[PDB]
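Taking it in order: structure first as structure tokens, then the write-up.
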Amino acid sequence: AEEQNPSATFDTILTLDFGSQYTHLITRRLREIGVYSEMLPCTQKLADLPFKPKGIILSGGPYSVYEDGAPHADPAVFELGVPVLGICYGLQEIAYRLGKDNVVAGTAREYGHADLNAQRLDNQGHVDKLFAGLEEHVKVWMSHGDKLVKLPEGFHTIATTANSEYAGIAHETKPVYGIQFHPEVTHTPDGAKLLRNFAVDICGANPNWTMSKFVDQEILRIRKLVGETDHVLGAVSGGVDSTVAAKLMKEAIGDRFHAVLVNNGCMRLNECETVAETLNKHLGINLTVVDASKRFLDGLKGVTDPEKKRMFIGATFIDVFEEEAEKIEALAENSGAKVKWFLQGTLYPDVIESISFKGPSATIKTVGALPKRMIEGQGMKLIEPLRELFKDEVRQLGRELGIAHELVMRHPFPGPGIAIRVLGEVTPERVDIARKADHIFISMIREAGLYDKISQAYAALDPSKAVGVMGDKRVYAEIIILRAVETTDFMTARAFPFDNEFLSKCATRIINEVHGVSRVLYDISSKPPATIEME
Amino acid sequence: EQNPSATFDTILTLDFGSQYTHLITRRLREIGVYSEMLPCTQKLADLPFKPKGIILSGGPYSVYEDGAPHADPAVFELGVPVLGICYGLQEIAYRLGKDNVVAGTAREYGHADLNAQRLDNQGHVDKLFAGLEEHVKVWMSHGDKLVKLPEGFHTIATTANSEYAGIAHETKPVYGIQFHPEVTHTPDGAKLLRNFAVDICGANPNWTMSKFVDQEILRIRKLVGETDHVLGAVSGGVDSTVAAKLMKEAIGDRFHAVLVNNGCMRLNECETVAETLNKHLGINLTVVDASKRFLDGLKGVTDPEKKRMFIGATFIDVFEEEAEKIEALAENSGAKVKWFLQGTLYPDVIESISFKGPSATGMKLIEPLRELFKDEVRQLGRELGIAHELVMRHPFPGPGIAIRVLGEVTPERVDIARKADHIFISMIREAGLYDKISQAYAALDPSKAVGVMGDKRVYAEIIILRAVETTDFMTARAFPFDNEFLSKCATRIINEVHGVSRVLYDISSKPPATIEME
């Protein structure tokens with residue numbers, strides 16, 4: 001092909017984001033069932049698309065399509081000739097652009113479960129192809145704020161619930177479909193069948209989007225981009241994302257890709273040596289380990305403000321990385337080549353948050369403090385071989401690259417490491433206490449067979465003083481905070497429902513085996529209210 | 001004057017340092033026999049009462065080692081029965097056997113299935129195990145096993161691994177057991193302690209709080225007199241309320257109750273406590289609003305120990321200033337407040353007298369509860385007409401929320417902790433769990449954690465939830481909430497209380513950690 005983009009070589013479904021919190025799930029469902037897909041804000045002018053989508057899905061959003069400033073899509077969505085599916089607010093946009101009459105009932109934006117039945121279209125009982133396999137008793141996550149009291153002009157009913165006579169509508173001749181429920185959330189379990197009925201059966205999309213096929217196509221894409229003599233510089237940290245990206249570059253250019261592992265002194269016990277073993281020996285990546293433990297921990301002394309702490313971690317990491325960068329460039333200069341590309345582990349969810357529709361606000365513009373230092377100042381161009389993949393696709397990509405299935409299932413570990421998991425000032429002793437407390441917590445999770453059921457788990461040190469009974473003297477020591485959640489729909493994570501005997505036995509072991517710990521606390525905050533990490 | 005040690009048949013337990021010694025006295029109370037405990041160093045000739053019986057507790061020692069603890073040699077010649085428990089069994093074999101019969105093995109503990117020793121050709125057993133004939137689950141102390149019968153003793157109880165798990169003297173009333181009948185691991189231990197107290201010692205099991213009301217009321221009237229005044233602090237807790245109610249039933253308006261609001265009380269509690277004590281219970285009550293005085297002096301104090309020293313110092317300053325305020329009133333014609341009321345319990349006495357090792361190194365006070373346990377004070381309140389809910393509420397510390405704000409205490413951090421506490425306690429009551437929990441509260445943690453306000457990251461403080469179930473005074477575990485309850489309580493606190501980005505639940509037990517935060 002002339003362009004090796006996934007949207008240029010695969011049948012692509014395009015979702016237009018109208019502001020719903022469930023819009024990214026539409027793309028994720030399509031990726032899981034086999035059809036490649038991308039998402040763009042509703043303000044996207046479809047004439048400027050570098051690819052011709054096989055189908056367009058209009059997502060939902062907290063708006064009423066006939067109010068002032070109500071978001072709309074390009075009028076060319078229906079003039080394009082490809083099938084269109086309107087999800088909730090997309091149903092309102094369909095009635096607005098094609099029916100022209102205000103037929104939406106301005107009910108309050110409330111959601112709830114309902115039983116949906118397909119509409120018999122004949123005396124023989126045929127149903128619309130959008131509900132093939134979803135004929136009777138389908139539990140859906142209805143959006144009552146998008147209810148229609150009348151069929152839009154040129155549309156007929158294909159789905160019906162107890163309260164919504166027009167829960168699903170289809171055009172008489174054009175492939176335009178609309179539904180009042182969200183088929184992308186877990187509250188609609190059979191929704192993945194409906195999204196496949198639209199992509200494959202209605203739009204004719206080929207469900208051949210696999211990591212089995214993408215690994216080879218992406219390696220050719222990297223070799224054609226980088227060339228045959230240029231060198232690539234990247235960063236590694238033992239995490240799943242940085243490991244899959246580094247292994248992908250190694251399989252494309254070999255030793256011409258140089259990975260740099262920076263030790264900020266806040267890694268887990270012997271993590272810097274176990275990661276260097278798997279990268280340099282088990283995977284064959286040309287790795288380089290720089291030990292900046294003293295440089296980080298000395299500047300961390302005194303920084304109590306958590307915002308000022310995160311600034312020092314990023315600023316120092318870049319100064320340390322660019323120093324290892326210039327030293328690697330001098331090694332390549334003695335070889336007859338030069339470093340020209342900087343590896344960045346950007347994922348597709350990272351660009352989703354950058355282009356997600358926030359309503360009648362401002363379209364943001366102008367990529368990271370570390371790549372900025374590599375571009376201007378070092379003269380390197382970015383290379384992001386993961387910017388079109390989700391987290392689960394990266395895990396399957398690493399499995400196709402020969403990486404062990406155990407490593408791709410590891411929990412995410414932040415850049416600053418324990419420095420973020422130490423509330424307030426970060427000292428070597430506070431890191432050592434949090435590291436040993438974390439080792440006990442994760443070990444008991446693994447031995448109990450609960451590691452693959454937790455999205456992320458760690459222990460954090462709290463410098464606040466609580467009291468204990470050391471023999472007979474009253475001792476005041478620091479506090480260990482335990483954190484463990486499970487993600488639901490790549491969001492809405494809730495604290496893992498540990499058995500209460502598991503938490504007590506782990507709290508007793510931590511207080512006994514780790515010094516300077518008087519109390520152990522379990523974080524019960526769920527994700528939508530709070531955050532996953534502590535800082 | 002006439003302490004309960006003289007008016008009742010009281011079993012005296014001698015403490016050899018075991019963590020279970022206090023349970024011996026507690027079991028004796030719950031079966032109707034009054035009891036007191038004293039360290040093993042107590043000379044019995046200096047006792048202010050004649051004990052109906054003596055119990056030798058266990059301890060982390062071996063009797064034939066250097067510096068090993070010993071009781072007064074007069075215990076076996078007092079004329080009353082003696083029951084040696086574990087280490088008390090060793091002391092019996094030492095003073096009455098004169099030979100080293102202890103095994104000296106490791107001080108390990110474990111469950112075992114005990115069986116009484118049949119004595120006759122008719123299936124008779126010693127009446128210490130009456131009702132405990134066969135298959136008695138006991139908490140054995142393997143470090144107290146004997147290899148041979150002490151001189152003058154015979155077997156009355158056996159386990160499969162220990163042929164001398166329970167011994168008894170041939171003629172004298174001296175008994176020994178290799179297990180703890182005071183722990184919950186021996187669910188029939190209360191039956192054994194009743195056989196020793198009532199059947200063997202002959203003690204009258206008439207100790208009730210119903211009979212102790214009028215006795216203690218007359219005891220207070222004689223100590224104070226009929227013209228002196230006494231001062232007392234009230235907090236709304238069950239201990240301060242019963243003591244104040246008891247004092248009012250004794251001397252009436254000559255007792256003055258002072259509710260000091262330190263600015264660290266629960267939401268509107270100062271008024272609800274005032275209406276309860278002044279209107280429902282009819283206690284002469286005055287309210288001192290020292291909120292600004294406490295909170296101003298707590299600023300800039302980060303050390304948790306210096307806080308408690310300031311809280312206790314200004315608390316006393318308020319009472320000393322309130323006493324002279326009452327004496328100066330012309331309505332009280334020359335009345336002198338010569339006594340100060342304190343709600344000290346017997347566990348507070350036990351802490352100061354418990355055996356801890358062989359080294360063993362002004363307004364008048366009135367302590368009417370200095371001989372009772374927690375469950376006996378609640379029943380005493382029931383005898384005084386106090387409502388059943390007012391006697392079943394969790395204890396509230398003197399400093400209140402001041403020790404429930406880790407580090408510096410400010411009016412804002414108290415208000416946040418006060419609001420987070422209301423949601424936690426109310427959800428516990430609505431879930432029907434208030435009576436199944438010994439203590440429950442919410443504490444503020446000044447450590448910062450990231451949160452999401454719309455879509456901008458913010459840094460707020462932390463709320464710490466703490467709820468424990470406790471039976472003994474030195475044993476408690478974090479209450480096993482349903483994780484749906486803790487999750488629904490966490491999201492509700494963050495949404496409804498300002499300045500809270502995280503909600504944590506304390507899962508630290510009492511055998512390692514502590515109830516309160518500071």
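We name chains A, B, ... following the order of the structure tokens; residues begin at 1 in each chain, and ligands are numbered from 1 as shown.
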How close does chain A get to chain B? List, as a tab-separated table, each residue of chain A within 9 Å, its nearest atom pair and the distance in Å to one decimal, counting only C-alpha atoms.
residue	atom	partner	partner_atom	distance
A:305	CA	B:448	CA	8.8
A:306	CA	B:448	CA	7.7
A:307	CA	B:459	CA	9.0
A:423	CA	B:447	CA	6.5
A:424	CA	B:447	CA	7.1
A:462	CA	B:447	CA	7.2
A:463	CA	B:447	CA	7.6
A:464	CA	B:406	CA	6.4
A:465	CA	B:406	CA	6.7
A:466	CA	B:517	CA	5.3
A:467	CA	B:518	CA	5.3
A:468	CA	B:513	CA	4.9
A:469	CA	B:513	CA	6.4
A:470	CA	B:512	CA	8.6
A:476	CA	B:518	CA	8.2
A:481	CA	B:504	CA	8.0
A:482	CA	B:504	CA	8.9
A:494	CA	B:487	CA	7.6
A:495	CA	B:487	CA	7.3
A:496	CA	B:483	CA	8.5
A:497	CA	B:483	CA	5.8
A:498	CA	B:483	CA	7.9
A:499	CA	B:483	CA	8.7
A:500	CA	B:480	CA	5.7
A:501	CA	B:480	CA	8.3
A:503	CA	B:507	CA	6.6
A:504	CA	B:507	CA	5.8
A:507	CA	B:508	CA	5.8
A:508	CA	B:508	CA	6.8
A:511	CA	B:512	CA	7.3
A:512	CA	B:512	CA	7.9
A:518	CA	B:513	CA	6.5
A:519	CA	B:508	CA	5.8
A:520	CA	B:508	CA	5.7
A:521	CA	B:506	CA	4.5
A:522	CA	B:505	CA	5.4
A:523	CA	B:504	CA	4.5
A:524	CA	B:504	CA	5.7
A:525	CA	B:490	CA	5.6
A:526	CA	B:491	CA	6.9
A:528	CA	B:452	CA	8.3
A:529	CA	B:491	CA	6.3
A:530	CA	B:451	CA	5.0
A:531	CA	B:451	CA	5.8
A:532	CA	B:450	CA	8.9
A:533	CA	B:450	CA	7.7
A:534	CA	B:449	CA	5.2
A:535	CA	B:450	CA	5.2
I need the residues of segment 282-390 of chain B that end up classed as helix (DSSP H, G or I) by DSSP on the backbone, written out as a PyMOL selection string. chain B and resi 291-297+304-327+346-353+374-383
Could you please determine the separation between atom CA of residue 21 of chain B and atom CA of residue 37 of chain B in Å, to one decimal place? 8.1 Å
Find, counting only C-alpha atoms, the residue in B:441, B:434, B:346, B:207 that gets nearest to residue 422 of chain B. B:441
So how far away is atom CA of residue 384 of chain B from atom CA of residue 250 of chain B, in Å?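 Atom-to-atom, atom CA of residue 250 of chain B and atom CA of residue 384 of chain B are spaced 11.4 Å apart.
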So that I can see what lies close to segment 440-444 of chain A, please list as a VMD selection string the residues with an atom at most 8 Å from it, counting only C-alpha atoms and leaving out residues fewer than 6 positions away in the same chain. chain A and resid 451 457 to 459 482 506 509 to 510
Take the residues just selected and output them with N, CA and C atoms as a short mmCIF file (atom, residue, chain, number, x, y, z; two decimals), in the first residue's frame.
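Contents of again03.cif, freshly written:
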data_model
loop_
_atom_site.label_atom_id
_atom_site.label_comp_id
_atom_site.auth_asym_id
_atom_site.auth_seq_id
_atom_site.Cartn_x
_atom_site.Cartn_y
_atom_site.Cartn_z
N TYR A 451 -4.05 -11.81 41.86
CA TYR A 451 -3.28 -10.80 41.13
C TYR A 451 -3.93 -10.47 39.79
N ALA A 457 -2.42 -2.56 42.36
CA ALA A 457 -2.29 -2.72 43.80
C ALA A 457 -0.92 -2.22 44.24
N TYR A 458 -0.88 -1.58 45.40
CA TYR A 458 0.37 -1.08 45.96
C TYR A 458 0.14 -0.72 47.42
N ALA A 459 1.24 -0.39 48.10
CA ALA A 459 1.21 0.16 49.45
C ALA A 459 1.91 1.51 49.44
N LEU A 482 -2.94 0.74 52.08
CA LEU A 482 -3.08 -0.28 51.06
C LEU A 482 -4.10 0.16 50.02
N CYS A 506 -2.99 -9.38 56.51
CA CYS A 506 -1.97 -8.59 55.83
C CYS A 506 -1.58 -7.37 56.67
N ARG A 509 0.73 -8.66 59.41
CA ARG A 509 2.06 -8.98 58.91
C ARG A 509 2.87 -7.72 58.62
N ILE A 510 2.22 -6.68 58.10
CA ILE A 510 2.94 -5.45 57.77
C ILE A 510 3.44 -4.77 59.03
#
Among listed residues B:241, B:41, B:122, B:227, nearest residue 390 of chain B (using only C-alpha atoms): B:241
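Residues within 7 Å of residue 54 of chain B, counting only C-alpha atoms and excluding same-chain residues fewer than 3 positions away, are residues 11, 12, 13, 51, 81, 82 and 83 of chain B.
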In Å to one decimal, how far is atom CA of residue 117 of chain B from atom CA of residue 53 of chain B?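 Rounded to one decimal, the two atoms are 23.8 Å apart.
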For segment 233-237 of chain B: contacts at 9 Å, only C-alpha atoms, fewer than 3 positions along chain excluded, given as an MDAnalysis selection string: chainID B and resid 240:244 256:261 269:270 272:274 276:277 285 319 340:343 390:391 393:398
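Distances to residue 326 of chain A were evaluated for A:387, A:137, A:338, A:113 using only C-alpha atoms, and the minimum falls at A:338.
Those residues of segment 305-456 of chain A that DSSP, working from the backbone, places in strand (DSSP E) are residues 339, 340, 341, 342, 343, 381, 382, 383 and 456 of chain A.
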